[PDB]
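To begin, one chain is listed below as structure tokens, in the form deposited in one PDB entry.
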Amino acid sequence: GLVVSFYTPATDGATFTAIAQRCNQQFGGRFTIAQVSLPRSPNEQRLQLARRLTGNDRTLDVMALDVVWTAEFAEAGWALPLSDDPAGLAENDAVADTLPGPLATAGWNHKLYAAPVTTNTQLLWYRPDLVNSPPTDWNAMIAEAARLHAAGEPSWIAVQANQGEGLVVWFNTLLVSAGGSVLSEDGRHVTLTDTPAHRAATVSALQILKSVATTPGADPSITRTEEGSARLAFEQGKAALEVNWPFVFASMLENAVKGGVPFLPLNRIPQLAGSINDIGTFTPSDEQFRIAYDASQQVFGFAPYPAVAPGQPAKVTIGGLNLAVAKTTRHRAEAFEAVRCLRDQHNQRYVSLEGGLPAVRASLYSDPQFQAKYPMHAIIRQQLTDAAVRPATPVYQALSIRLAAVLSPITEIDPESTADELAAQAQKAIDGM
């Protein structure tokens, strides 16, 4: 029958292809979901979609939107409100058994414009064979990287953050963790420097970025404008401390079994041979998972994101993907039906355990069979409960570009003057409304 296109980031395309294929057996030939890949960066994902939306591409049906695009797409009329479902089922489906942090990212002006499908929060990843105890705060992280550098041990702090959205994410986490915020609640004022408490938070966050950037043994790619991978730096043994999204867990086991992780040679364990399936994905039996996970715990551990203020947890910026129906669709009913299928319980288990993307369904975090294959479940749920959020604003794209340009390169941050430049550049973004 008809085709419901489903646009997703390319790096998630294989996972969402598998989910769509399952969702295609259950429609009785009524319609087919066809996954289509978007570029790698949040900005380029947005740009492709926005061009199809303003060009009235009537073949565009469902979109997996980064959480930061809700306000823009809702205000533009690009994402239909869930109340536009002709079946009247989308709003109830979106909220049922769904964690509240993800749902907050899918709303605008008191209505839902998307149904959460994946969430995200960054954890600390470390080498327990080199790091006795995982650092609990950023001053401790810096001390540990220095101690490692002294011992001729891998010394990079691998943070997912070059010159783009990931750097804004890192700054946002530090800033909110310190009690600050980029914008006011309504999104209409810049709050980086408008009170002494807010200025103090901004300066504290910038001090951490500068200190990490200039720790002995720091990654030489900080000043270069290339796009390194924190994930691969850690897997290659160049960092013993990494802060990153939880997909690094599935990557570590899979790549170790393929022989790509020097300090974790799971490829030499006979019981794991053939645990990579015919399309390249680690697909262990329960016993194979136990063997791989137990081996990995010697060289790979996880911990909460480091705090800014010692003694209480960080407030960690939330990420993820929300499913929206484009205003271009010719088939609203089928597009909202597809959204409900893509986020059902079975596909939520798959997106986390095979795809590495945290599920949004609250039940899974209380399910012992999920918890046994997703060992970071409790820290993830904790960090999703008191999450930092990036500012929700229709001019987010312009705001993020302006902030990233001030922050990068982080070796050049001067906390007091950089705080004023950040506030001035944020104001310019807000003024374009």
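Don't overthink the numbering: it's just position in the shown sequence, from 1. For the two forms, the rigid core is made up of the largest set of C-alpha atoms that agree within 1.5 Å on superposition.
The next section is about a form of this same protein that is not shown, the form deposited in another entry.
Please determine whether the C-alpha atom of residue 119 is displaced by 2 Å or more between the shown form and the other one following superposition on the rigid core. False for residue 119: its C-alpha shift is below 2 Å.
Please determine whether the C-alpha atom of residue 35 is displaced by 2 Å or more between the shown form and the other one following superposition on the rigid core. Superposed on the core, residue 35 moves its C-alpha 2 Å or more between the shown form and the other one.
Direction of C-alpha distance change in the other entry, residue 41 to residue 407 (at least 3 Å): Farther apart in the other entry, by 3 Å or more.
Note on residue 225-residue 207 C-alpha separation in the other entry, which departs from the shown form by 3 angstroms or more: Distance between the C-alphas of residue 225 and residue 207: shorter in the other entry, by 3 Å or more.
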